[PDB]
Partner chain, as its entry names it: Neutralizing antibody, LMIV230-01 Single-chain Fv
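Next up: a single chain in structure tokens, the form solved without its partner chain.
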């Protein structure tokens, strides 16, 4: 079959080691990357906010919040995400590029609920979610992108957000 075929990198702008890298906010079994306060337009051009999710335990809910275009006036005018089918389709490193790949084929036993919580599990609804299996044998890393670097508000520019989900063997 087929589920898309694109190619991105960690950037598409500038910076490579000036990346603001932080861990996800982990509450019990919920690991959250919330970009609703990281991607607003700022004077120092486009920053890159890299949220690192490290899964070392069974049945972790990974939740990702991306500010919706138009949710506030202006600040998210040109916001777009990496994989449009973000829960079911992810990005994987191939040397220097990130290409699309089905998540269920990457990790066996992925429980993708079609209804996140009364809404459609898709970045169009602002939030995606997926639960990791009880057993993972090989370390697997996949990526998500919430890019607001195109949005221009004032004399500053928005930021590009990166989620790195590192599923460790557990």
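Shifts are known only where both forms have a C-alpha. We call the rigid core whatever largest set of C-alpha positions still superposes within 1.5 Å between the two forms. Positions refer to the first chain, counted from 1.
Just so it is clear, the following notes concern the form solved in complex with its partner chain, a form of the same protein that is not shown.
Undergrad: Does superposing the core leave residue 12 with a CA shift of 2 Å or more between the shown form and the other one?
TA: Result for residue 12: yes, a 2 Å-plus shift.
Undergrad: Taking the shown form as reference, are the C-alpha positions of residue 160 and residue 9 brought closer or pushed farther apart in the entry with it bound, with a change of 3 Å or more?
TA: Pair moves closer in the entry with it bound.
Undergrad: Do the C-alpha atoms of residue 11 and residue 139 sit closer or farther apart in the entry with it bound than they do here, given a shift of 3 Å or more?
TA: Here the pair is closer than in the entry with it bound; there, farther apart.
Undergrad: Superpose the two forms on the rigid core, then report in sequence order the stretches of at least three consecutive residues whose Cα positions each move 2 Å or more between the shown form and the other one.
TA: When the rigid core is held fixed, residues 1-16 make up the only run that shifts.
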